[PDB]
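Below is one structure, written out as structure tokens, with a few remarks after it.
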Amino acid sequence: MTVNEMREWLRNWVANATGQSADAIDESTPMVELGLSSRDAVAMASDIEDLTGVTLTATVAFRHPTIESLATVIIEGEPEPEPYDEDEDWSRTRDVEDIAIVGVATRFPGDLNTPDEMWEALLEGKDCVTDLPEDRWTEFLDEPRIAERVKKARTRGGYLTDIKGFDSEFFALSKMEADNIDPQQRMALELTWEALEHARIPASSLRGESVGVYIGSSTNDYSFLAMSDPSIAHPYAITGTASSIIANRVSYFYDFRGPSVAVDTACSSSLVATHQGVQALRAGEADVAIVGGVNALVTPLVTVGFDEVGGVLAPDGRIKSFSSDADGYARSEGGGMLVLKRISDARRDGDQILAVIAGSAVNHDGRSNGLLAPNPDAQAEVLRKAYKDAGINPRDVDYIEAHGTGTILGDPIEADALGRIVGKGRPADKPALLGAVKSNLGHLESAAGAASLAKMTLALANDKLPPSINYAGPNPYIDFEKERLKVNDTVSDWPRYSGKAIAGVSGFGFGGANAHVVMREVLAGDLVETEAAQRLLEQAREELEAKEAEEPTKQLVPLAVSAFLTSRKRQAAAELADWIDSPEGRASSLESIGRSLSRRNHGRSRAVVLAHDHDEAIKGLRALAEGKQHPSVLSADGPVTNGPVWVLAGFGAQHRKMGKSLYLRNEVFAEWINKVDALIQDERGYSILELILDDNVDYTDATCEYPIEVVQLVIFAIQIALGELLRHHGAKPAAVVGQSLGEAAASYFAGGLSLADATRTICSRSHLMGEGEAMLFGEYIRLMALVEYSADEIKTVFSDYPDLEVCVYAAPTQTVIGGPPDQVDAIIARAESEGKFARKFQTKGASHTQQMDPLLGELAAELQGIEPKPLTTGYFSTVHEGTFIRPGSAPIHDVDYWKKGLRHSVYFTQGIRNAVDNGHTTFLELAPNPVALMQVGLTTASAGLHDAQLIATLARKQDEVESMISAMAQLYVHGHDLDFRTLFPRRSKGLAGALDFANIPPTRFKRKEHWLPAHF
Amino acid sequence: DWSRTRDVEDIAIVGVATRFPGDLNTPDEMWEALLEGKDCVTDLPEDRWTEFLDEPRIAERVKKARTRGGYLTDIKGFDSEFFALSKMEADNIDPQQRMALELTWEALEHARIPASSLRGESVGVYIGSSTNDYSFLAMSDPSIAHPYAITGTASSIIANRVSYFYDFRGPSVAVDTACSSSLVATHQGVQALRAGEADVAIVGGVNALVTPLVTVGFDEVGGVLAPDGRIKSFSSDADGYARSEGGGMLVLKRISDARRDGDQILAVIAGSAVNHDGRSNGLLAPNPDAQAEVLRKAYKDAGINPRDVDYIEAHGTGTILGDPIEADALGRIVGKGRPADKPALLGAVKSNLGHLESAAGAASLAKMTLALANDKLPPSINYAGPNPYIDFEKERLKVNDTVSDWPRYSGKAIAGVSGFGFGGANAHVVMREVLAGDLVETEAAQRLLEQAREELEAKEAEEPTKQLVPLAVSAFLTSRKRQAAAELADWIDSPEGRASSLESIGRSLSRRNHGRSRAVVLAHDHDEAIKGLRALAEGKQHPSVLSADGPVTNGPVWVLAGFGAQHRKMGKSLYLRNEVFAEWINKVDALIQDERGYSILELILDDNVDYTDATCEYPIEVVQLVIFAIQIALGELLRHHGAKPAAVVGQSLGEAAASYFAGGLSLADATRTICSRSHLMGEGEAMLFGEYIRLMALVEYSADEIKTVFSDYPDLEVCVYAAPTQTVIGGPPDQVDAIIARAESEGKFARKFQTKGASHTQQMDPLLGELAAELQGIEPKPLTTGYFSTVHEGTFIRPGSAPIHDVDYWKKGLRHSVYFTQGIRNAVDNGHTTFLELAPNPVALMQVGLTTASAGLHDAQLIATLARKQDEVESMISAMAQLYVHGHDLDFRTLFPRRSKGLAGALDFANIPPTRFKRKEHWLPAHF
Ligand SMILES: *P(=O)(O)OCC(C)(C)[C@@H](O)C(=O)NCCC(=O)NCCS
């Protein structure tokens, strides 16, 4: 609450974490030298957050290494920068949101294929410009004139290591089609996949969504190879070399439904694409934006032309941005992608924001001193427009990612423009830092903007400024002191003139098109915005805590491994098993690995490994690598045709402590149980939660006043809670089939009735059954028994028994019947003559018989008032002879329907047979104990389905939390609707969520050579 | 609910340019062809693809293909001189860029927006292109290929060169969505316009069939190209399409801007949307669900219920498989809920023009804009019967195969334009017709004014005067200007020209491009205009023709003279016949009434006031006040038409006006200064009479030569150096005639002024104290214009300098001499050649000419505003015409204001000939 008490609490916390003197560790020394590391900093930040309510980021915590600074910044916040006087208002005129960058994909010279490699190269100041590879441009070196012309040119630049490799099998392309595809499209596809993986957004979750694609390209270089011989050219080249296909194929493969356009502004194509994506996101029209640019050096025509122009290409191939010896640039090939979302959407979806885009603008030079001559006035105007759109004063910019082409004539113009706009009004001791990534990677023609954006995103995320290389000294024609600019040639921290990191990215095409993007770091403000049963709950929680203290239980972590092919899934499982056994895998929590796996792409072939620790996970993954079956591994080669069917059974499925363990260890289950308990209290005037939380309640005559009613009410509540818990994780039934007491739950889940109506129906039924049985005793009782007679075979035996009635056809070869006890044992004795199976039920409920006749009038009066609704799900009404009802049909759940269901028999096996005939193979039962799964299996086997999926939710003598995890795992494996990300919720937003994810291996591709054989 | 969720404006279409097969180069020709149902698909021209027909394999492969489609008549022609391109550079330019430039110019002309007025403005360019076909010719021989092809064949250059040539400062991007490129470009332009970021948007698409590679590939695909080359949209015998080449452009502005600028709105764009098919049944297979979604999104953005759509411009590629999908989507969205008797009319322009790959959207938008503007629906051709696989009655669709009126189900015409690329990109644009709601939102002097107006009306009834209509003809070269003038003269003499009012021709000419070489013809009727244009055609000089070969280096200098420039009826004619002049005269009169307690408007409107002793109580003061008012009114009238001075130089009584126009003082401060000066001069002269009077005289002595003669005259003082060889001096009458007699010995020129004002001498000494007290309170301001202060020895003062117009400055100006010729010499030395005088009568123009001639400038531009015995309305028109001719700042459109908005403005413009281009053959010599 105050600075001093916060400091004392922090000292106590570090003392507890280290065991030191606890009273002499308040030094000015940093926590790192006190004995702490980066591992416990996350826990300390979480403890600070849950006590104070403020969220601290990584940069803020690291910039304050000592106890006093952290204590001051937690209470008083970050110090406010001193005000400055400006003659203009730079606030936003429009009401628009900020754009959050969540994923980065890089394909750059120097084997920079991941953002981490690119960041390491930038920190090391690596030069990625090399000579022309010996295997490149071989189609043109066989002609003596072309060969001698190429040797005269520079031909030095940034080249990709493997430009011919492509995984055509992954993208479902034939060899003939794959050979005619521009490498730009291959790079676009690969970078889209890699950016989606980096953002930790599953690709399967974006199918059918409004995702926009904006890719910038400049030249169709691969077309020339196709048309080298016009007759041998294949028609596939029309689609494989077109510029619009670069984005159209990305949209098609990933099933994106947003805008898909390819832009062309020469050297500002990537920045223009990013600007268009941002403008699309701000104006609705899209939810996720994929922006970037690609460039490939397929043929030497452009390089030879630029060399013939003269004074454009550097003799040594190095780009010396803003240096005294700048003499041109060199052409490079590569590509990059970014994933853009609205900041509110990113905050609500739990995405990790890498950087924030505040605004951007584009314009043209106009009538300059020639078509290829840059205009400083237009650059100043675009800077002003971009900073007006971003709502940020240009005086507060810390770093400028300039064009940096290394020309002796264009660098002074760019510096003059920056001094006109960015550097105007700055004090001499606060200059804007300047640099360019073209000094490292070369001039990526249509991908310069993508490289610059990736570099600045990595710099903002990692809180460091990479140096600029090939800088011998200041340009004599540029007065950096007057322009208030400084070249950053070393590794340095963000100056943070305005208190936060602000950067600008510039890029100008040779045709006069200019663009500028304003970026800022993510801030902390972007990540924000029943009395008796109570004692039983308290004592149950306190007893559960005592048992956990004696022995902590091991959580079951489901590990999801999937791919588009079974062999690829096995290879990925083997690689994951290898990674987990490594020391890095051992140092990561099993929950983090599961969370990282749950946000990967969920392919056609899926598998789930249920493990408690690292060793079990390794063993399961090793088993999954081969075809060996394992009890801890669930796998399938593909999804099933139709959705699952929920079976609302539950007769004879009660036990002593059903639902108690899941109530304490799950919040959605507890919430729905409390809701149903409140509804029953409103209806029946007593709480079922007291019975559930009680330990010594056997749901029998010796422990319950109304054993018949309470069992049905508790089973109904458990079914409703389990169904809603399944709906919480994204599961939904394709069809619903109910049984004698599960009809209310079936109606509720099918949309026929609301929760209150179904609760009133089940309460009325149970209470009438309980009350009516009390008066019926002595010789008027009716007993129910199970026989091995089918639907038609039982007609013959019933000729000898007039009073016997059929209760429910559980199985094709089994039937439940009820009647007078002297008449029930008679048919049982007759059945025993053939050596069949016959048993007498021990419950005196005696439903679906003549005994329920007096209760129809009372049932009708109590049920008068319910409002039936049209069904939103397929329904197999066992009351209506198991007839399937299409969704959207007329309401059926009227009073007469319930009267018929309570009075007449239940055609359970007919509904299951109809469901099998409709193509349903997965059956899920919501019950405290699986009792009807055997009946469903018997019905399916007789129907010609020997491999049906029978899934249970809760079972006796089984852990209820693990049982539900396994039930959802089976649904996920068979391709049913289930959000696997919901199984690993995030509890932290800022620095406390640093260890939420593990560094699992990425997806591996089998690249094959695909190229056009051409000669000249 | 289909109402708009966002608060955005509508986009108005003001200009259309067409370059389509069938020689449809103008919107009128295209509309006539659409009404006639013309088929524009022909065979391959004999002069096309000749670079590839010399190879036997390629030649035999081409003959196997279809090769029928829409081709341009002259694809190699290009006016490189007009666009300032060398032959080497012009030969390497993609014809797509040439079409983009030509269509931009033609669309700007059609919109009646001068191209020179958009230079430096935020104008966005969005052009859709699909293939770089001209690149293949360049790289046919890699060694012979020139580096110019890099810029001449790049796709971004298609828009970058348009932005560069026209000096556009807005976004310039080239889009690529195969067959929806034009629609996507239009959508991007609309979104840019709605989000600020731009004021004018140029959208469209181009396509050229340079090489047969794409056609041969599509033929080799099979089942794509129609065997006969005709597109039978929604017909029972649809068997493919044919590829065509062409382009089109549209000029887009916000509807409020178009309304305020007086532009003629042709059609209104309500909304648009774009999306993608996603994972369809193959990459090239269209998806009906995505098309339905894009229709819903576009109609949600437009804020219009799809049930109210009258006509749908469908994709209409003529495929037996895609037409049912498009019809199904239209029935899902557009046709859902309609009654059986109100179907949505269906058609496609591809049946007429063929399949313009990257220009289908431009052609469809042009067709729908023409249909909305002309209130007619053109028929759809090649329609033998309904498609058996399409149930038009169920889908509530009907093919319009005849000329029919707009059904107007919702009371207004609403149309939709659809276009889908083969890659899965879909687009839809919703258009509506322009509605009527889019084009909306001093007592005594009074009697003198009434009687003057009634007498003027009586004279006009006896004989109506003929208005002077300035005709502006301009071009980038003098020869082109002469050719255009000759063509205009030929057109005017034609019966169509005779049936058009001369004012309409002038209004049409004033909204054309104002080039480097300009000329103005001042005419009263058609015959005078014809004679002037004929004279302008040759190099013959004509008094009614003002011409110049180019602009001057520096701006004009306003001379605030006026001493001895008064006459009986100065400013009376212009007051009655001009509203801005009258408004500013009334404002100055009100200021003087506040200051001096009497109205100068009564003197101006009075007829028998000679501004002398026999007609005015205070002849000295009233003349100065009226001259100051006239100068202020003339300057503000010139500012109304866009004129602004580059520098200002004043004289003895014009210093207040010079300070006001230079930004030093406000109107009230200058009015108070001039009123105080005039009243003090008038009052002081009354007490000075008898032998103490001072007389002013003009002599032929220079600044330094007058020093020697002044040794004999101690009391004589110098008043103003009017000319390098002339000087005005003042002193005692017995001492003034003495030096005059001495000057007459050499036979020089000497005259005595008849005005007893005697300013800038010792007589004004007692008035300094009174002047300081009255002037105490003025607030000087920094100068916003160059100033040649004749008080400060004619020293030039840069704009933005410290204020100079304090009380001491006025005291020194009233007491000391005026260095008029020094300021003019400094202005000449600064590069100023144009001098404009604001006065009721040009008196100092002779002095300015004498000074400039002595300074080495024998061709200076001396322009007068008002003159004696001259029509004041025609004098001001001629003065602004000279400013326009010499390239000075002047909005020539302000000379022809529009008084009507709707149907009453139908005859505001004439059908003057368009700009003519000299097209030359520019092509790359290639062989295989
Ligand atoms: P430790 O050596 O395991 O370090 C872990 C870490 C907390 C530094 C890191 O994994 C993390 O989650 N935060 C990184 C913050 C960052 O890179 N930017 C700020 C650097 S000062």
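One line per chain: the protein sequences are A and B, in this order.
Heads up: the first sequence runs through residues 26 to 554, 613 to 1099, numbered per UniProt numbering.
Heads up: the second sequence runs through residues 114 to 554, 613 to 1099, numbered per UniProt numbering.
For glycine and all other residues, C-beta sits at the position ideal for the given N, C-alpha and C.
Query	Result
Relative to the C-alpha of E234/B, which candidate in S243/B, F281/B, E215/B has its C-alpha closest?	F281/B
Give the DSSP bridge partners of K758/B, in chain order.	Answer is none; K758/B lacks a bridge partner.
Does the separation of the CB atoms of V716/A and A753/A fall below 8 angstroms?	no
Could you give the residue range of the beta strand (DSSP E) that holds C846/A?	Where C846/A is concerned, there is no enclosing beta strand (DSSP E), although the alpha helix (DSSP H) it sits in stretches over 838–858.
Please state if the CB of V891/B and the CB of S1049/B are separated by a distance shorter than 8 angstroms.	no
Could you check whether the region 1056–1069 of chain A touches the region 812–824 of chain A, counting it as contact only if at least three pairs of C-beta atoms, one from each stretch, sit closer than 8 angstroms?	yes
Inspect the beta-carbon positions of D421/B and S385/B and report whether they are closer than 8 angstroms.	no
Determine whether the Cβ of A473/B lies closer than 8 angstroms to any Cβ atom of chain A.	no
Taking all protein chains shown into account, decide if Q993/B is buried (16 or more other Cβ within 10 angstroms of its Cβ) or exposed.	buried
I'd like the ranges of any beta strand (DSSP E) spanning at least 3 consecutive residues and lying wholly in the region 235–292 of chain B.	236–241, 285–289
Helix, strand or coil for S531/A per DSSP?	strand
When the cut-off is 8 angstroms and only beta carbons count, does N388/A lie next to chain B?	yes
Does the beta carbon of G233/B come closer than 8 angstroms to any beta carbon on chain A?	yes
Okay, do the region 625–637 of chain B and the region 677–686 of chain B touch, 3+ Cβ pairs below 8 angstroms being the bar?	no
Answer yes or no: do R32/A and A96/A have a C-beta to C-beta separation smaller than 8 angstroms?	yes
I want to see whether chain B comes within less than 8 angstroms of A291/A, judged by CB atoms only; does it?	yes
List, in order along the chain, the chain B residues whose C-beta lies closer than 8 angstroms to that of residue 1109/A?	As displayed, chain A neither begins before 26 nor continues past 1099, which places residue 1109/A out of reach and without an answer.
Figure out for me which residue from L198/B, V542/B, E310/B has the closest Cα to the Cα of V387/A.	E310/B
One question on the structure: do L458/B and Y424/B come within less than 8 angstroms of each other, judged by their Cβ atoms?	yes
Give the straight-line distance between the Cα atoms of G498/A and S348/A, rounded to the nearest whole angstrom.	5 angstroms
Closest to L397/A by CA distance: which of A479/A, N500/A, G537/A is it?	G537/A
Helix, strand or coil: which one does DSSP assign to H389/B?	strand
Using a C-beta cutoff of 8 angstroms, does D280/B count as contacting chain A?	yes
Residues in the same chain with beta-carbon distance under 7 angstroms from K983/B, minus the five sequence neighbours each way, listed in chain order, please.	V962
Relative to the C-alpha of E30/A, which candidate in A706/A, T77/A, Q906/A, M69/A has its C-alpha closest?	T77/A
Is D65/A near ligand 1, going by C-beta to nearest heavy atom under 7 angstroms?	no
Helix, strand or coil: how does DSSP classify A827/B here?	helix
Between which two residues does the beta strand (DSSP E) harbouring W729/A extend?	728–731
Please work out which residues of its chain come closer than 8 angstroms, Cβ to Cβ, to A371/B, disregarding the five sequence neighbours upstream and downstream, and give them in chain order.	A125, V127, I378
Considering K702/A, what are the terminal residues of the alpha helix (DSSP H) in which it resides?	697–708
Got a sec? Which residues, its chain only, sit under 8 angstroms from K740/A by beta carbon, not counting five neighbours each side?	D778
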